[PDB]
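Okay, so here's just one chain, in C-alpha cells, the form deposited in one PDB entry.
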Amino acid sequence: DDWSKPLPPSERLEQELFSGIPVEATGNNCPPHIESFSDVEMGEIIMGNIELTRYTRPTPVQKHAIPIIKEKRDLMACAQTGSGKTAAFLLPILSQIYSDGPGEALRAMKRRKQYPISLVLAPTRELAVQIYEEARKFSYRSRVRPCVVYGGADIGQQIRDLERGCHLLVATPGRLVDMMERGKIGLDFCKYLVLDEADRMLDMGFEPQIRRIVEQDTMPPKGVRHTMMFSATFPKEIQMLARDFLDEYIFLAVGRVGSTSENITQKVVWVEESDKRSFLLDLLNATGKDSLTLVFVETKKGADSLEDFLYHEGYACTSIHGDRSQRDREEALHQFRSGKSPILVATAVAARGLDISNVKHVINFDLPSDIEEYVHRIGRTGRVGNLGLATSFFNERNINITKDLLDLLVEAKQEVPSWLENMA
C-alpha cells in the first residue's frame, strides 16, 4: 500500500505515547542547516507527530543533523547528552522510510525471520529503551513498527516481539548478534544504520560484535546504506571506526569535543601490592554508602580473593568472574543496580558487553598494561549530568604506562601526582 498516508488515529494510543552556541561542520557539499522543522517537507506523519510530541524548535544538533541526514549523507556527530541527538536521526530517517515506502524487496515478500529497514545500535538497555520509546512517538499513525532488544533480559519474549513485524530495530550489539545466529534477524535490506553513543559501546568492549554486525555479515556496504554515528568523545579508535563505517561524511560538534571523559574525576595514587587491600578499605569507608562502586582486578584468582576479603570485613559485595558459574550471570549484575551489593569486583574481560549501570566510583585496584584499556574501564562511570570518580592504584608494575597516563591526565585536565612526571 502507501506509507505517506496516516492511518486512523487511536486515542487510547496518543494518551500513552504523548504525556503532555557554536556548531562546526567539516566536509564536502554539506547542505545548509535549518530554521525549523518546516523547511524540508518531512511529511504529515512526522510533523503531525512533531506537534503531538511537544517539540517546538529542533535542537542545535537536530538542526545541523536532520538536514544532512535527509540529504542522504553519512555523518559523525559529537554532542553532550540532553542535546536531542535521538530525534536528530529518528525524524529524518523515518521521514524517508515513509516517502520511499517499504521497498521492492520487502514488498516482494509481504513472518518469522525479519529484515529491518533501519538498525540502531545502542550501548545499554536504558538508552535502547529511550530510543525505542521516541521511535514509537514518531511512528504513531504509520505502518512502521519498531522493536527493541537488549541483553540482561528474557530472549524468548523478544524473539516473539520480533516475529510480530519489525521495520526499525533498536538493539544492544550482543543481543543482536544472538538474534542473527538464531536466524531471527537479517540485515540484507537494512538501509539506515545508526551507532548511538559509539564511544561507550567501545568502552564496554562491543567492538568485535559491532564489527560482526556491520562488516562480517549480509549488511549493505557503505555508499549503499546510509550510516550515522553519534559520540560524546572522539577518541582515535572512534575516528578509525568512522573511517571504516562512514562514506564521505560531514563532521558535527556542538560543544567542542573532549578527547575523553569530561565528567570524571581522575585520581592516581602510589600503592604497593601489600597495601592495596588496606587502601581499598579506606576508599570504601569514605563512599556515600548508597553509591555504587566498581572494582577492576587483573586475574580471576584475584577477583575471587578480593571479593572474599571484602565480604568478611562485612561489605555488601558481589563478584563477576568465570571461575564463577555462568548464571550467577546477571544475579551478580542484578544485585548491583539493586543496591543489595553496591560493590562489584570484576575482571575487565568478564565485564565485556555487560550493562553494568549507574556506577559512581570506578576503582582500578590493578591497572591494565595499555592506556586504551584504561580509557575503557573509567568509561564505566555512569551519568553525564553528574560528576563521576575514577581512582587508580599504581606502583612499579605499571611503569610502562606512566607517559600515556600522564598525557591523558594532562589532556583531561586532572590533578597530576607530582611523582608521576618523575617516573617519565
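Quick note: we count residues from 1 along the sequence shown, nothing fancier.
One more form of this protein should be noted, the form deposited in another entry, which is absent from this view; the next part is about it.
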Considering the rigid-body rotation between this form and the one not shown, which residue or segment among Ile117, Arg329, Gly258, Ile371 is located at the hinge? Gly258
Relative to the shown structure, Cα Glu215 and Cα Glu237 in that other deposited form (3 Å or more change) are farther
Considering a change of 3 Å or more, are the Cα atoms of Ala128 and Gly322 closer or farther in that other deposited form than here? closer
